[PDB]
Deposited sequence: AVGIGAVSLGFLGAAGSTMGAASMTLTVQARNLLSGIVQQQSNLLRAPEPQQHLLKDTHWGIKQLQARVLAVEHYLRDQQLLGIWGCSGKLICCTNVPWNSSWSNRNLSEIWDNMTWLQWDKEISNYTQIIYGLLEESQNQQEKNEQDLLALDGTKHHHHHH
């Protein structure tokens, strides 16, 4: 069910990411164009951050303890994604910038490793 896990905990909700992902794709044309642009913006952000065609990607940016400093198990077991997204909304623009910086550094390092031989 689309968004069926929306009220479930973050851990449980992580098991249905495919369900939401597969449903993202004159007025009808305008709406189709905007839907496509939103899809592509999300795909571009995933690519730039170093995340390939995967639902879950782990990166090299450490967690800043000032953001939602409420244990680890409490977040995944007691909260839903709507509550979590609201709690850290004010830091979203910071995290994304850090992710971009990390990937650029990682690519530079990879090229050096590729040059060694």
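**OP:** Show which contiguous pieces of the deposited sequence have no C-alpha coordinates, counting from residue 1.
**Re:** Those parts of the chain that were deposited but carry no coordinates are 1 to 9, 35 to 61, 154 to 162.
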